[PDB]
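Following: one structure in structure tokens, then a few remarks.
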Amino acid sequence: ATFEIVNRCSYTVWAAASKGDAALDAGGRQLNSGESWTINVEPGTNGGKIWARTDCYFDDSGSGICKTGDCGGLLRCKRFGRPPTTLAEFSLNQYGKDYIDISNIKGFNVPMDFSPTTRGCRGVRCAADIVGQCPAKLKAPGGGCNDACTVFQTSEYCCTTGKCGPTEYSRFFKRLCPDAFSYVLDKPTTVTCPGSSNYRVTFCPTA
């Protein structure tokens, strides 16, 4: 499957792509404002994620730091990033279908659109000003808006018993972005696409 990753933000982002225990394609790349990066994701990939990282510094070996979404200090991510991270999530070729979603379960840093470039399904978007409106206790100093689990580490926010309800914090994310997951047991906003669809992830689709 092909993913085109487009940075429409006025600022540089460092895109990342991983399935948690391995990079997808190169795993990461700098995207200046307007740049597009095309990657190839193996069919059958389960639990892949794409996200943006902000305010990164990397040396020549590809080692450094980002203020959001850092994946163990690497330019080319092999593992998932540090919250807060708006997440494009996908599982491909699962019994003939692709499944895609956007999630705020790990917080929000950059607005995102996640759409097929092939026919058969619709895209999803979270493009509200979540950082600007972020509740005081969820604000991340390095930028972004943390989820409540990351901040408070309770069974209720993290849903660690498999039983939890919505919270004042999850409802904030859900109000601003109804089409993204706001907590673990949120009513699913997953979109079903034909197996082997292709996609575009656009950072700052509006702004």
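Structure notes:
- Alpha carbon Rg of the chain, scaled by the compact-globule rule 2.2 N^0.38 Å: 0.96
- Backbone N under 15 Å from the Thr12 label point (7 Å along Cα→Cβ), restricted to region 24-56: 29-36, 53-56
- Over all other residues within a Cβ to Cβ distance under 11 Å of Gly144, the charged ones net out to +3, with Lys and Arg as +1 and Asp and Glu as -1.
- Net charge in the neighbourhood of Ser63 (other residues with Cβ under 12 Å of its Cβ; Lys, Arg +1, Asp, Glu -1) is -2.
- Label-to-label distance, nm, for residues given as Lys137 and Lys97 (7 Å Cα→Cβ offset): 3.7
- Ranking of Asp186, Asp113 by neighbouring Cβ atoms within 10 Å, starting from the fewest: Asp186, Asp113.
- The convex hull drawn around the Cα atoms of region 72-169, when projected onto a plane and averaged over every direction, covers 8.6 nm².
- Exposure proxy for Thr161, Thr54: other Cβ atoms within 10 Å of each Cβ, ordered fewest to most, give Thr161, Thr54.
- Ordered by the number of other Cβ atoms lying within 10 Å of each residue's own Cβ, fewest first, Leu74, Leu185 fall into the sequence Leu185, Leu74.
- A Förster distance of 45 Å, applied to the separation of the beta-carbon atoms of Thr161 and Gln30, puts the FRET efficiency at 0.65.
- Extension gain (nm, one decimal) between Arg119 and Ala22, 0.36 nm per residue minus Cα-Cα: 32.0 nm
- Pairwise FRET efficiency - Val184 versus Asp129, Cβ, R0 = 22 Å, nearest 0.05: 0.35
Read-outs throughout are calculated quantities, based only on the coordinates presented, and are distinct from any laboratory measurement. Neighbour counts are summed over all protein chains in view; Cβ atoms, including those assigned to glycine, are modelled from backbone coordinates with ideal geometry.
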